[PDB]
Amino acid sequence: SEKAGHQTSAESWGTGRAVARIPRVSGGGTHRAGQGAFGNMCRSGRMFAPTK
Amino acid sequence: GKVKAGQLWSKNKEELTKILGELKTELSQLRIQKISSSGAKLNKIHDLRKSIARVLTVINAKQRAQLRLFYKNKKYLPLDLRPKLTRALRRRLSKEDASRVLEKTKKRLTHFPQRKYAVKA
Amino acid sequence: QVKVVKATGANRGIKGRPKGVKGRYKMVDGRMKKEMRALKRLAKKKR
Amino acid sequence: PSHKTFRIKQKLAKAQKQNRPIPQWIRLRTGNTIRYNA
Amino acid sequence: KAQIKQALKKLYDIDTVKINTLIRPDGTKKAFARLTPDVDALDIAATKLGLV
Amino acid sequence: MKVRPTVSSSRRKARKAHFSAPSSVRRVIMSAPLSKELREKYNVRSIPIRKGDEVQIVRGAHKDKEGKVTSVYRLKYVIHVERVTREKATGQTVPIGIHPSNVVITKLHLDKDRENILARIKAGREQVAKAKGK
Amino acid sequence: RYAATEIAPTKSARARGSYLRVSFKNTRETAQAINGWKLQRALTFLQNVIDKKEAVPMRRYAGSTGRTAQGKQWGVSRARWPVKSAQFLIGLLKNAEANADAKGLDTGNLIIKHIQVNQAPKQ
Amino acid sequence: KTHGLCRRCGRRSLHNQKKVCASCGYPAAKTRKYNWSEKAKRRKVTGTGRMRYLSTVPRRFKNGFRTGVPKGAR
RNA sequence: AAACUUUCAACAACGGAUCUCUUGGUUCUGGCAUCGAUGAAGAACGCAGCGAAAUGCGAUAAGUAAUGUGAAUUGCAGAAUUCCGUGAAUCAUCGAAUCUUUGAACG
RNA sequence: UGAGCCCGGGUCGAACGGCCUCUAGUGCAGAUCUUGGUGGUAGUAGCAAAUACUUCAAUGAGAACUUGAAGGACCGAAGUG
RNA sequence: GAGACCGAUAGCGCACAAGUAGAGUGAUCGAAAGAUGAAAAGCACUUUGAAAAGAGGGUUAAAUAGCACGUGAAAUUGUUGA
Ligand SMILES: [Zn+2]
C-alpha cells in the first residue's frame, strides 16, 4: 500500500541531541512516542523502494 | 406462561386486551413476590415478558390491517402506512409519468416501429 | 549570549529546551565535532 | 460538587459499571479469550 | 409522587400518608411510602410483598 | 476441478465459513452415514445426526462400540454417545466428544420430517440412477 | 524439573519456591553460606542470622559491607545479616524436612546436597 | 476551562467563550471536516458507529424494495 | 587448599529468536447501484437469571410478528418436545411491526 | 583453500529437501542506525525538615508505624479546630 | 473470485473487547499484545505450610505441554564438574 509507513507524524529531534538524526513520533503518552519512523531501517516504517 | 401466536391471531380485540391486562397484572404481582426467591419465577417472568411483546405485536398488526382496509380507496394514507423504499425512489417519477410520451412520437412509433429482419449469409 | 549545552548527563537525549534558563541555546555532540571539522576544512580549501 | 444533574449522575454510574471486574463464567465460556478488564 | 401513590393504590390497594423520593447513585429511584395509621406495615409486607 | 465461478477454492474463506457457520449449517456439516442395512433399506447414504439416533463408534480410541446419542453439541462440532464417558480427577464422568464422521448410524429416530428427508434423498438417487441406466 | 537430575527421587527430599520477593544477591550469598550443611546446623545458623548472632559472608555481591568479628568464622571480613533471605530459606528447609518426614527418611542424617538461587522475572 | 462537552460529537471540546466545538463545529449545521487530516476523517466517517438504518437498507435493495406479506401467511 | 576473577562442559534460570501455523492484511479482476424531515451519518443512556468490554437490540429492549428448516442452547441454573408437531434453536430467511435522549434536529 | 556442505548424539512434533531453469522486499559489526531484551556500575548513590517518644494489655502466623489504658510532648480560636 | 504478494519487529496504525488503552486545554497524536492439549481429560485424594505455594499422587502419547502454557537461540545468571 502506498500509504504504508507514511501514516504517522514524525520529525527529527535535531543535530546536537545525543540521539540518531531520525524522524521520531511526537506525543508523549504511549510506547509509540519518541520512536523512529519514516525509514527503511525502522520498525513500523516504510520499505525501501516500495513495490508498484 | 406461554401465549401462542395462532391463538392470538384467532382472537379478537376485546379478548386480546383482556389477555394483555391479565398478563400485565400477573407480571407485576409475580415480580413483587419474585424479588425474594427469584428462580423458576425468573424464567416465568421472561416468558410473560415475551408473551406481552407477542400480544402487543398481534394487536398492532390487526389495527394496521384494519387501517389499511379503511384507506384502501383513499388518495392520502398515513405516513406510517405509506411504503418506505428509499428517499430517492420516493422522489422518483412514477411509472406512468416516466413512460408517458408525446403524441407526435407516439404517431411516429405507431406508423414506423422497429421491424424484424435478417440478412442472408 | 547563546549558551552551548553538551548532550550528556541530564541533557543527553532530551526533546527540547533543557533546564538552562536562557534566551538562546545550542546543543553539541562529537558528531557535530566532525561536522565542524569538515566545514572548516572545506572553508580552508576554499580560501 | 454537591450540585449536579441526574444525567451526569447516570454517567458516573455507568463509569462505575464499566469499572467493575469480569465474571468467572465469562472466563469459563468455550472459545473465550477474555482474561482481565482493560 | 402522584404516579407512585396512584400505582400503590390501584394495583396493591395500599393507602399512603406520604411519599419521599430520592435517586440512587446507580440511577434508579427509591420511594419511601409512609402508610395510613389504620393499616399495618408488617401485615401488608407479609401478605402482598412476600417479605419477612 | 471447479467450474462454476460462484464457488471458491480459497482455503481462508473455506475455513472461515466452517468455523463461523450457524447452527443449521453445522447440522448439515455434522451429517453422518447410515449403516449398510439402513442403506439398502432407504437408498440413502448419509443423514444429519440428531439426539435420538443410535450410533456405532468405529473410529478413535473407542474401537467398535455402540450407544444412543445423548446430545448433539453443535458449538464444537461434537456429539455425545451414551456410556462413552471418561472420569475426571474427582471421579465424575464427563462425556467424550465424538465426531459424526467417526460414528455410523445403526438405528434411526423416525418422525415425519426425517421420513420426508429420506424420501427426498431416495427420490433424487433413484431418478439419477434411472437416468444413467436408460 | 530441578537442576541436579542425578539424584534418584525415591531416596531424597526436595523443596521449591518461585517468584519469591526477596533480594537475589543476598539470597544467593546466604544459600552459599548454608550449602553442604546438615539440616539442623543450617536451621540453627539461619535463626542465629535472624537474631544477629551469626552473619553470612558476602563473597561476590559484597560492595561496601562493614566488617564484623563474626566474619572470622568464615575467614572473611565482610559479613552481613540477610534476615528476609534467612526466613525464606527457613520456610523452604522446613518444607523439605516435612517432605522427608512424609517419605520416611531419617531427619538427623540429612545434608543440603543441592541448593540453588536463580533470577526470577523482574518486577 | 475552555472546553466543555459537545452534544453532537460527545467530546470535551466546546469552547466556553466562543461556544463553538473545536472538533465538529456544533452550532454550524455541517460537521467540521478537512482533507488534510485523513486520520480525523476516518475517525469520524461512516462505519465507526452503530449503522442504525443504512445497515438495513442493502437487504431491502436485494429483495427489490418489495412490500406486502408472503402469500398464505397467517 | 578455600574464597574471588576468568575459560569450557552438563543441568537449571532470564528472554522470546528460529521453525511451523493463520477466521488477518495487500494487490488485481468481475456483476450490480442502494443514505437522510416516512428523521440519516454520528453521539448518549438503557435492556440478559447470573455481563464488564465487544456484539445485538430499544421500556414489545442479547429482542416481537411472518416464512423456511427441522430437535435444540450450553459456562452454570431452571424450563422444554410428547417426537407422529403450526414446532426447539445465541438457526436461517425476511415482505410486518416496536423503535428511549440528542444529532440536518424542527414549540 | 574458502564462503560453506554432510553425518552422529540430545530436544522436538508436521512438514521438508537435491538437481536444471525462472523470479526477488536475497547475504551486515558498524550508520551517536530501528525495535526488543539484557549486563557492569551496584545491593552502590540514596530513602529529606516539621524537636518525640515510652510501659503494659488485646487481635493476629507475623506488630516501631493495628487498637485500649497510662505517661511525656504539640497545634494554641490569624488552630494540626 | 483470484495472486510466482506478506506471514505477528512482516502485512493496513489495528490477525486480539484498535482508532482501543493512553497523552494533550484543544486542533489532534496514538501504541504493545496471536499459538496448552486430539479431547480440559485444566490435577481428585494425602501431607507441610498462616497463606502463596511445595512434596507425594493422578490425567495425558507427552507436564522435557500446568492456562508465567507449541518449538524455546543469544546476550545475561545460578549450581555442579575440570
Ligand atoms: Zn462537537
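Reckoned from all heavy atoms, side chains included, excluding hydrogens, waters and symmetry mates. Order of the sequence lines fixes the chain letters, A, B, ..., with proteins taken first and strands second; residue numbering starts at 1 for each chain.
Only the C1' atoms considered, I:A72 is 12 Å distant from I:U90, to the nearest whole Å. The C1' atoms of I:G51 and I:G75 are separated by 13 Å, rounded to the nearest whole Å. I:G70 and K:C14 are spaced 41 Å apart, taking the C1' atom of each and rounding to whole Å. Comparing the same atom, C1', in I:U101 and in I:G58 gives a spacing of 12 Å after rounding to whole Å. For the P atoms, the distance from J:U44 to K:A31 is 42 Å, rounded to whole Å. Across K:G7 and K:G19, the matching P atoms stand 25 Å from one another, rounded to whole Å. For the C1' atoms, the distance linking I:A105 with I:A37 amounts to 9 Å, nearest Å. Rounded to a whole angstrom, the distance from the P atom of I:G87 to that of I:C50 is 28 Å.
Atom-to-atom, CH2 of G:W74 to P of I:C4 comes out at 13 Å; the value is rounded to the nearest Å. C:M27 has its CE atom 18 Å from the P atom of J:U32, to the nearest Å. Taking atom NZ on B:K44 and atom P on I:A80, their separation rounds to 11 Å, with Å as the unit. If you take CZ of B:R49 and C1' of I:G46, they are 13 Å apart, rounded to a whole angstrom. Between the CG atom of G:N95 and the P atom of K:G56 there is a distance of 11 Å, rounded to whole Å. Between the NZ atom of F:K88 and the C1' atom of K:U60 there is a distance of 14 Å, given to the nearest Å. Separating the CG atom of F:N116 from the P atom of I:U69 is a distance of 9 Å, rounded to the nearest angstrom.
For H:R42 against K:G13, a side-chain N or O and a base N or O form a donor-acceptor pair under 3.5 Å. Interface remark: the B:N43 side chain does not form any donor-acceptor pair with the I:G49 base, using a distance-only criterion of under 3.5 Å. Taking only distance into account, the side chain of F:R12 meets the base of I:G25 through a donor-acceptor pair shorter than 3.5 Å. For F:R50 against I:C83, a side-chain-to-base donor-acceptor contact under 3.5 Å is present. The base of I:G51 sits with one of its N or O atoms less than 3.5 Å from a complementary donor or acceptor on the side chain of D:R29. Not a single donor-acceptor contact under 3.5 angstrom links the side-chain atoms of H:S13 to the base of K:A27.
For I:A43, the OP1/OP2 oxygens have no side-chain nitrogen or oxygen of D:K11 closer than 4.0 Å. Using a 4.0 Å cut-off, some side-chain N or O of G:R60 falls inside it from OP1 or OP2 of I:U5.
Remark: the bases of J:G10 and J:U41 do not meet in a Watson-Crick or G-U wobble pair with both edge contacts under 3.5 Å. With both atom-pair distances required to fall under 3.5 Å, a Watson-Crick or G-U wobble pair links K:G34 to I:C21.
For I:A59, the base is syn relative to its sugar; the glycosidic angle is within 90° of 0. With its glycosidic angle more than 90° from 0, K:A4 adopts the anti conformation.
With RNA chain I read from its 5' end, the first of the two nearest nucleotides for H:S55 and D:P21 is the one closest to H:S55. Where F:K16 and H:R52 each meet RNA chain I at their nearest nucleotide, the meeting point lying more 5' is that of F:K16.
Near RNA chain I, meaning a heavy atom under 4.0 Å away, there are no residues from residues 42-52 of chain A.
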